[PDB]
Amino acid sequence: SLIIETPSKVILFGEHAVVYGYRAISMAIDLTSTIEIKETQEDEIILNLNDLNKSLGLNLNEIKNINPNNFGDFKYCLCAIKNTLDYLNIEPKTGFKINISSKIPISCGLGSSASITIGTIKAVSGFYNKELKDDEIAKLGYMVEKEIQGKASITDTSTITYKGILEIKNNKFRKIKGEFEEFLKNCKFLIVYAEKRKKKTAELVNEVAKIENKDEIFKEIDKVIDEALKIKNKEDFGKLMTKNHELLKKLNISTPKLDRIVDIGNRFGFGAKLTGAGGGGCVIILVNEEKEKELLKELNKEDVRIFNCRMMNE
């Protein structure tokens, strides 16, 4: 009868370059999913999507043999349950129910699925009073993604499992502490769901791949991280966010709707930039407490969803 509240995730810099051996600066954020699990004693497992008011019942002996992509919206949580079980080498004797509710917008690079996954792993393990190291959990999440999508990157799962700010390169991460982590504990950001993403993330990767100037852009993108890593004030940091945005714009994966949002961000805030693959999605804005009230009014005058969020630590 525990309740797991799993963090969300956002890329501060590195969006598409990471894919080419460059670095990604990922940060865990307040937007959480909440998964509650409780034994039932009916002889089956029940999954319930509150936000979508959907429900599913399965027998304890179908669990390990079901195929995730046969269950639409329940697939990630479902898959997280199956893997945690055989990983713990446990065979469900008794039943239980899981209630799922996330606040995190879907398909816009915030790690909506991974949050559900990481919270299901922690839930099922704890329900059996067997705990896993962040190391085991991160991998179980990564495998759930790989199993469902065919492939996966550690970014979402590692970021959401280890919390804080991570540096992603190739396929390994580097935790970031010091002044940079300190400075971020001091920043209030805003995730603005400008528009929906009518395109698939791989589809955008291909559109970035089909660019000549791409590499020279990635290099400028990496020099921005060099500088970002060493920045001290939100004024300087904001602009660096805006600059990375101007670069992503050179990969024409940005949109007129995102640019508008970014504008409001540079003017009424400290700077702004889209996050994740382009073609719609969210724009992350570093809040300027000074004009914060302003920022809102202007942003609110738009067909968008906004979310107050700060970094998430351990």
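Don't overthink the numbering: it's just position in the shown sequence, from 1.
On average the C-alpha atoms of 32-40 have higher B-factors than those of the other stretch, with 32-40 and 65-73 being the two compared. 48-56 and 262-270 differ in mean CA B-factor, and the higher of the two is recorded for 262-270. Looking at 82, 146, 133, 210, the one whose CA carries the top B-factor in the deposited record is 210. Among 108, 168, 140, 90, the highest C-alpha B-factor recorded in the PDB entry belongs to 108. Looking at the C-alpha B-factors along this chain, the one for residue 178 belongs to the highest third. In this PDB entry, the Cα temperature factor of residue 229 sits in the top third of its chain's modelled residues, the highest group. Looking at the C-alpha B-factors along this chain, the one for residue 17 belongs to the middle third. Residue 26 sits in the lowest third of its chain by CA B factor, as recorded in the PDB entry. The entry lists a Cα temperature factor for residue 221 that places it in the middle third of the chain's modelled residues.
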